Amino acid sequence: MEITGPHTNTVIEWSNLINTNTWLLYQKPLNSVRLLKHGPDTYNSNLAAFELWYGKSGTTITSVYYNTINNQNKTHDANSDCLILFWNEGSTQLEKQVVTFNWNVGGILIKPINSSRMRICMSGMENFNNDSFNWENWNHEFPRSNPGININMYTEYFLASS
């Protein structure tokens, strides 16, 4: 496992994700912050897209890419330190995948399904109903949003692959 960082490049080329599993990893930020986005410059409901944030407990996270949408899921009131993936794909207009940030590093895992499709994976330990607990282990497949669209990186990040 090669682990490199902190990288400060603002773009990860889609072509660098197609041959192996890639972890995008972040030291726990001190406040809510947008981490990355895959999608066009302006929201386009016909294309798949996602936008990843870190959310600090007790704060409100408002999507940038989805700010021109009308949907309950365009914001998240964080009740734990967490990762928040705003995403749309297929018939799904907008959902948010939230996992709790349990350690001093967290992020997402990208598994290439083919040269134009990625599986985004997120996991974390959460509580609900007070003292009920769940290991959330989630994934969704995304086609490349459109030709030439890469991954915008908004904060320094670590890269893990084999």
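No hydrogens, no waters, no symmetry mates; every other heavy atom, side chains included, goes into these values. Counting begins at 1 with the first residue of the sequence.
Between the side chains of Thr59 and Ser32, at least one donor N or O lies within less than 3.5 Å of an accepting N or O. Of the N and O atoms on the side chains of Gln27 and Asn104, not one donor lies less than 3.5 Å from an acceptor on the other residue.
Using a 4.5 Å heavy-atom threshold, the side chains of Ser162 and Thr20 count as touching. Residues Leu17 and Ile151 have side chains in contact (heavy-atom distance under 4.5 Å, counting atoms from C-beta outward). The side-chain heavy atoms of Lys37 and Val64, taken from C-beta on, include no pair separated by under 4.5 Å. Within the 4.5 Å cutoff, no side-chain heavy atoms of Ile108 are placed close to those of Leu35. Under the 4.5 Å side-chain criterion, counting only non-hydrogen atoms from C-beta, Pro40 is in contact with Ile149. Residues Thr22 and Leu159 have side chains in contact (heavy-atom distance under 4.5 Å, counting atoms from C-beta outward). Contact check for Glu95 versus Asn88: no side-chain heavy atoms found under the 4.5 Å cut-off. Taking the side chain as every heavy atom from C-beta outward, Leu24 and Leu36 approach each other to under 4.5 Å.
A donor-acceptor pair under 3.5 Å is absent between the side-chain atoms of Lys96 and the main chain of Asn73, judged by distance alone. Looking at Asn152, its side chain never comes within 3.5 Å of a backbone N or O of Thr10 through a donor-acceptor pair.
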Intermediate values then yes/no, side-chain contact (heavy atoms from CB on, under 4.5 Å), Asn67 and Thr62: CA-CA 7 Å; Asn67 197 47; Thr62 300; 3.9 Å; yes
Test log, rule side-chain contact (heavy atoms from CB on, under 4.5 Å), inputs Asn139 and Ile120: CA-CA 5 Å; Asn139 75 80; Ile120 308 295; over 6 Å; no
Working for side chain to side chain donor-acceptor pair (under 3.5 Å), residues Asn71 and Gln93: CA-CA 8 Å; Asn71 193 288; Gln93 187 197 9; 2.9 Å; yes
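The side-chain hydrogen bond (donor to acceptor under 3.5 Å, both in side chains) check on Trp135 picks up nothing, with sequence neighbours excluded. Contacts of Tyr65 classified as side-chain hydrogen bond (donor to acceptor under 3.5 Å, both in side chains), with partners at least two apart in sequence or in another chain: none. When the side-chain hydrogen bond (donor to acceptor under 3.5 Å, both in side chains) test is applied to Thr100, the partners found at least two apart in sequence or on another chain are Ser80. Residues forming a side-chain hydrogen bond (donor to acceptor under 3.5 Å, both in side chains) with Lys111 (at least two apart in sequence, or on another chain): none. For the side-chain contact (heavy atoms from CB on, under 4.5 Å) test, residues two or more places apart in sequence or in another chain that qualify with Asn16 are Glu13.
For residues 13-35, the set of pairs meeting the ring-ring contact (aromatic ring centres under 6.0 Å, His included) definition, not counting sequence neighbours, comprises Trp14-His38. Legend: side-chain hydrogen bond (donor to acceptor under 3.5 Å, both in side chains) pairs involving residues 47-58, not counting sequence neighbours, sorted by first then second residue: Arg34-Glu51, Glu51-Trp53, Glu51-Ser63. Sorted by first then second residue, the salt bridge (charged side-chain N to carboxylate O under 4.0 Å, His left out) pairs that include residues 77-87, not counting sequence neighbours, are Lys28-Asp81. Contacts classified as salt bridge (charged side-chain N to carboxylate O under 4.0 Å, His left out) and involving residues 137-151 (residues at least two apart or in different chains) are given here: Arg117-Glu141, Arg119-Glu141. Residue pairs meeting the salt bridge (charged side-chain N to carboxylate O under 4.0 Å, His left out) criterion with at least one partner in residues 83-94, sequence neighbours excluded, are absent. Residues in residues 140-162 take part in these ring-ring contact (aromatic ring centres under 6.0 Å, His included) pairs, two or more places apart or across chains: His7-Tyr157, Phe50-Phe142, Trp87-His140, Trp87-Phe142, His140-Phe142.
In the hydrophobic cluster analysis, where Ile, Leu, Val, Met, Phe, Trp and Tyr join through side-chain heavy atoms closer than 4.5 angstrom, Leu85 is grouped apart from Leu94. Linking ILVMFWY residues whenever their side-chain heavy atoms come closer than 4.5 Å, directly or via other members, places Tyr43 and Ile61 in the same cluster. Linking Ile, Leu, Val, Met, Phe, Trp and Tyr residues whenever their side-chain heavy atoms come within less than 4.5 Å leaves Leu109 and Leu52 in two separate clusters. No continuous path of hydrophobic side-chain contacts links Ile84 to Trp138 [ILVMFWY only; heavy atoms under 4.5 Å].
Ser145 and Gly39 make their closest contact through OG-CA, 3.8 Å (heavy atoms, listed as atom of the first residue, atom of the second, distance). The nearest pair of heavy atoms linking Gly106 to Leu83 is C-CD1, 4.2 Å.
Distance check: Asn21 CG to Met118 CE gives 10.0 Å after rounding to the nearest 0.5 Å. Atom-to-atom distance recorded for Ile3:CD1 and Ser161:OG is 9.5 Å, nearest 0.5 angstrom. Here CG of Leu25 is found 9.5 Å from OG1 of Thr4. Values are rounded to the nearest 0.5 Å.
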Result block: side-chain N/O donor-acceptor pairs under 3.5 angstrom for residues 121-133, not counting sequence neighbours:
unit_1: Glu126; atom_1: OE2; unit_2: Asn134; atom_2: ND2; d: 2.9
unit_1: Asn127; atom_1: ND2; unit_2: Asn130; atom_2: O; d: 3.0

